[PDB]
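Here's the structure, in structure tokens; my notes come after.
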Amino acid sequence: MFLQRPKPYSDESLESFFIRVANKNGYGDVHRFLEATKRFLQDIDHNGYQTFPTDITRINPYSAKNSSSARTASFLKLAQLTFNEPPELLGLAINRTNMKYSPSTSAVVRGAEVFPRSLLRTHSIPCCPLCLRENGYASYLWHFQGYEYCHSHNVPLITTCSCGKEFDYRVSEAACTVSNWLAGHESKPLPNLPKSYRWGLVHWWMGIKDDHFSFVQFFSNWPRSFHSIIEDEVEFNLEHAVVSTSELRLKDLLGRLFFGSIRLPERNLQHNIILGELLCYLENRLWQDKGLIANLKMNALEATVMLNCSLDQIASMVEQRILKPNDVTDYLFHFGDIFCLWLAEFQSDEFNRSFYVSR
Amino acid sequence: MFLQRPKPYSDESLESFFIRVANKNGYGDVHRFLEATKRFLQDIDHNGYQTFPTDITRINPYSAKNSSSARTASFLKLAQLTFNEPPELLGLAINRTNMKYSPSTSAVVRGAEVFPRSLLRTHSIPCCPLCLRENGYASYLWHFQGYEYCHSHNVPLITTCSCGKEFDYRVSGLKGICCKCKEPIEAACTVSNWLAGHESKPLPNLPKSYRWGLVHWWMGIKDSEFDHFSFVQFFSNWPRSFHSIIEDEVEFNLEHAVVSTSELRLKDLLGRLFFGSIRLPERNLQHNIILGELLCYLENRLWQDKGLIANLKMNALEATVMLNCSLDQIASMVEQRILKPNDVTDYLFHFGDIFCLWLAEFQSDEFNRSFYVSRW
């Protein structure tokens, strides 16, 4: 009862929140208060105390297969009746979600922001002193945020940083722009897209390349780079057609570019201008030849990623004679007819047409 | 066919554009242009030559029962061939959507704005004739209910004549004068002047695609037309009188509950407050704060009165309605034990169990709960 004066500010990965309430009043590590919490959960009016963790790690609410729904309920009354002025506690929890990306990477929600994959480091991370402490470490690329040359791996003697071995993970120029971009600033050479799309497209550059100087060369010519990468890869795989010479089926014509940039992770056309510009170069040139873009072979399974269906509306659309039959697994229909009924009967307010060119 | 384009306007309706391009190309009436356009689509052999309408009120893509794909594809061919400079016509078109409104109302989309279906006028549309007399082009706000007064001249929309023959601009042309007789034709003013995007009065401001859902929410609760006087009065005492009506209605069906104080469904404890404010048009509760404060009441009032709110019984398909999932994904929650139970229709789950479930498994970047941490 009555944890005196919850102080803190934003930008924290919730692990030092228990450390900052540990350094008050005189207490060793966090095993006592962490037992006295789960003892208080074992106390009055509670049902899910058995799975609240024991160690330095695992306070994370995705570390168990099925105590995810028990950890947030544990975290519900862990702020209200144990703090004077109950602080911003909920929302700091790095949860899991139902979302994915196109390269089949697991999405993960912190409070509004999505990391590329729930794999990144989880162990043996660098750390810098004189804050309390950070939000952004235990990740791939978040190093300095203004003050540089701070890696701090502890080859010399014990207790360099003055905290008390709580978080303290230590064992015995283009990088400054991207570090300020992932921490959140103005970043004048970059088009100011939010952190769900910031980390959402770092893996999109990591997925197609299989590198901070190779990072910023794609962003120094940002109104030219995506238009140049789409025009030199469309001439690839044209002499390798499958039927006779043309009318190429699925997976062979832009099967990597189109199936790698859709819903990463949210379907907004205001910020994710990749989806609007790939729609531009593919459909500023609608009918070039007989069977070049529109007159191709498409399937209804890869059509519901744009149409937003669950294979239940197709039994009421093709029998109502909107999409003319020219069947679930065959490359039957065409790209030009499926996209146009999407524009005619499957629009939205933010996932719509009136956000790309012309501005 | 070579056509000269008129001056573009962002607030011009779709039907009036075919009328004002029939005026500058020498037509007596506008239906003669629709017959010549169908002949032009027949010559170029584009797929819309079977179902191109020669009638003015069915030129919209939602009027076609099965040829909306043939309608907008012909809109793409006319935008790039018969004009010297391509105009913006897809923003002028009115296209359907799969996103529904509460409880079962469909919706339609024009440009970057989603309109309701129950407010769509299936009858004759009124007119402000002095806008047709000075400017000559009509507005797109006349196609849907709620927009009663003009936001530019503060004058009411005149529906019919003094004799009985109503005028509509879709037939005779937009000079504004009838066919048969052919004669010259604060709260309501409040709800007029923050529809076209005007950000000046303390009535609440939304991206006005979401605002029509706020108009549609007012008609579903009151079960009448979109009232204007109490609409200003309800938002003048915002958000103080909102939570009182929430409190007086959860007191209502609990004082007059039929079964008991427990073993109840969430009907007759949240009957119309929960099922009538879900999808307007999306649950992004920073925008539609009618769900951001409803799900604020669902957070701060969980575990009082010996779990009176945490013993509301639910079935399986309410998770498909609320939490945006399917019935097959619920069976994955049972086999790998993330959801713990205690068939689709049978009532088996619990409320404090399901509220802490979607903060851990069913929270997207758009559908967050952190968006109102500074409101309560």
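Coordinate-derived values only; no laboratory data. Cβ sites come from the backbone with ideal geometry, for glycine too, and all protein chains shown count toward neighbours.
Some points to look at:
- Isotropically averaged projected area of the protein assembly as shown, using the convex hull of Cα atoms (one quarter of hull area), nm²: 38.3
- Per-bin percent of Cα-Cα distances, the range A:173-330 [10 Å]: 8, 32, 32, 19, 8, 1
- Trypsin sites (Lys or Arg not before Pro) within the range B:66-125, DSSP loop, no more than 15 other Cβ atoms inside 10 Å: B:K100, B:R121
- Peptide A:47-58 has a mean shielding of 1, counted as Cβ atoms of other protein chains within 10 Å of each residue's Cβ.
- The Cα-based radius of gyration of the range B:127-171, divided by its Kirkwood radius, gives an Rg/Rh of 0.93.
- Shielding score for B:60-72, defined as the mean number of other chain Cβ atoms within 10 Å: 4
- Positive dipole terminus of chain A, leading residue within A:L132, A:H240, A:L275 (C-beta point charges): A:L132
- Where both bridge residues fall in the protein assembly as shown, DSSP classifies roughly 80% of the beta bridges as antiparallel.
- Ratio Rg/Rh, restricted to the range A:100-241 and using Cα atoms, in which Rh is the Kirkwood radius: 1.05
- Over all pairs of different C-alpha atoms, chain A has a mean inverse distance whose reciprocal, the Kirkwood radius, equals 24.3 Å.
- Dipole magnitude (debye, nearest 20) for the protein assembly as shown, charges at Cβ of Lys, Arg, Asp, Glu: 480
- Taking A:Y169, A:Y27, B:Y147 and counting other C-beta atoms within 10 Å, the order from fewest to most: A:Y27, A:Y169, B:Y147
- In plain terms, the residue of B:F349, B:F2 with the fewest other Cβ atoms within 10 Å comes first and the most crowded comes last, giving B:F2, B:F349.
- Student exercise, chain B dipole from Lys, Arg, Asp, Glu Cβ charges, in Debye to nearest 20: 1340
- Between B:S374, A:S67, B:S67, the Cα set farthest toward the positive side of the dipole of the protein assembly as shown (charges on each charged residue's Cβ, about the Cα centre) is that of B:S67.
- Distance from the Cα centroid of the range B:76-107 to that of the range B:236-271 is 42 Å (rounded to whole angstrom).
- Placing +1 on the Cβ of every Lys and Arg and -1 on the Cβ of every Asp and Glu, with no other charges, gives the range A:234-359 a dipole of roughly 160 debye about its Cα centre.
- Within chain B, antiparallel bridges make up roughly 80 percent of the DSSP beta bridges whose residues both belong there.
- Shape parameters for the range A:91-170, alpha-carbon atoms, Rg then Dmax in Å: 15.0, 46
- Cα-Cα P(r), the range B:298-356, percent of pairs per 5 Å interval: 4, 18, 29, 26, 14, 8, 2
- Kirkwood-Stokes translational diffusion coefficient of the range B:237-285, alpha-carbon pairs, 10 °C, 1.306 mPa s, µm²/s: 129
- Values of log10 I(q)/I(0) for the range A:32-145 across q = 0.19 Å⁻¹ run -1.19, by the Debye formula with one identical scatterer at each alpha carbon and no solvent.
- Projecting the Cα atoms of B:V344, A:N192, B:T54 onto the dipole axis of the protein assembly as shown, where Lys and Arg carry +1 and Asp and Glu carry -1 at the beta carbon, places B:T54 farthest toward the positive end.
- Hull volume in cubic angstrom per residue (convex hull over the Cα atoms of the range B:25-79): 76
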